[PDB]
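A single chain comes next, written as structure tokens; it is the form deposited without the named molecule.
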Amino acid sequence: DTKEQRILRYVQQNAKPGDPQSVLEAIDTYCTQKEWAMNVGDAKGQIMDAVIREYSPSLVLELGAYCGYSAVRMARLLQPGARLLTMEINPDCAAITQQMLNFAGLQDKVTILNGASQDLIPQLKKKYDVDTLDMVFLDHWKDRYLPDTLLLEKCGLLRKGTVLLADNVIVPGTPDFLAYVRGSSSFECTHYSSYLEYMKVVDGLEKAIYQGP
């Protein structure tokens, strides 16, 4: 009986059907109460929104999904003609995510693929008629952030101005990923550190904008 399952359940019992905002609130609440995650709206959500709004991407790729919070958060802001593609290796998390999008009524803005990013990324151009990406959201599996970044490049999926946003990038974590995008001339970087009301970083996010090879 997983945490992400109990989150889904809580949403299904308490959120307003087809109301993404309600859904996000229900998640944020339960996790804060449970202390699985504190004020995800202010710590992570708000930052996601600002990035979406600054860039107004037509095509967003989410790599990694836990309970579907991030997918709802992004999908709810996408305008007609804009879409989210989501990848997650863990099948339960994938499914919870789908079910979470369903409840919000956002399922038609999103395409979920349950598989390894290493195997799925190279199929995007061929299998999925993707030429390049406007935005990528890296989530969940921090160890996959750098490999993913490198593979996207390799597959020719990034273009000048493609925005990467990675969640849960807090020192000393994801050491290899941060060093790379910061040191690389192909990435223009901005780090976001959410402290909420205290002194300890609650969430760290990295925005890295591809500057071409």
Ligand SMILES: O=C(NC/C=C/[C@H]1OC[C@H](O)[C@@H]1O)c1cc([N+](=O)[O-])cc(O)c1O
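Note that residue numbering follows the sequence shown and begins at 1. Basically, rigid core = biggest C-alpha set you can superpose within 1.5 Å across the two forms.
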{"property": "Between the two ranges 53-61 and 24-32, the one averaging a larger CA B factor in the entry", "result": "24-32"}
{"property": "Mean Cα B-factor comparison, 164-172 or 183-191, giving the higher one as deposited", "result": "164-172"}
{"property": "Third assignment of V11 from its chain's C-alpha B-factors", "result": "highest"}
{"property": "Record-listed C-alpha B factor of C67: chain third", "result": "highest"}
{"property": "Third assignment of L158 from its chain's C-alpha B-factors", "result": "lowest"}
{"property": "Ranked against its chain, the third holding the CA B-factor of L124", "result": "highest"}
{"property": "Chain thirds of CA B-factor: placement of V130", "result": "highest"}
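This protein has a second form, the form deposited with the named molecule bound, left out of what is shown; the following refers to that one.
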{"item": "Steric status of site, the named molecule superimposed as seen in the entry with it bound, threshold 2.4 angstroms to backbone or C-beta", "value": "blocked"}
{"item": "Distance check, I47 to the named molecule in the entry with it bound, heavy atom within 4.5 Å", "value": "no"}
{"item": "Exercise: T29 in contact with the named molecule in the entry with it bound, heavy atom 4.5 Å", "value": "no"}
{"item": "Interface membership of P57, the named molecule in the entry with it bound, 4.5 Å heavy atom rule", "value": "no"}
{"item": "The named molecule contact at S186 in the entry with it bound, heavy atom, 4.5 Å", "value": "no"}
{"item": "One stretch from 137-145, 122-130, 98-106, 77-85 that, in the entry with it bound, holds residues within 4.5 Å of the named molecule by heavy atom", "value": "137-145"}
{"item": "Heavy atom within 4.5 Å of the named molecule in the entry with it bound - qualifying residues of 88-118", "value": "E88, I89, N90, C93"}
{"item": "Position that moves between the shown form and the other one after core superposition, taken from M38, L157, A26, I52, with Cα shift of 2 Å or more", "value": "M38"}
{"item": "Per-residue C-alpha change between the shown form and the other one, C189, threshold 2 Å, rigid core fit", "value": "no"}
{"item": "Core-aligned C-alpha movement of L205 between the shown form and the other one, 2 Å or more", "value": "no"}
{"item": "Cα distance between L138 and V40, which in the entry with it bound differs by 3 Å or more from this form, closer or farther", "value": "closer"}
{"item": "Pair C31/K200, Cα separation in the entry with it bound versus the displayed form, closer or farther by 3 angstroms or more", "value": "closer"}
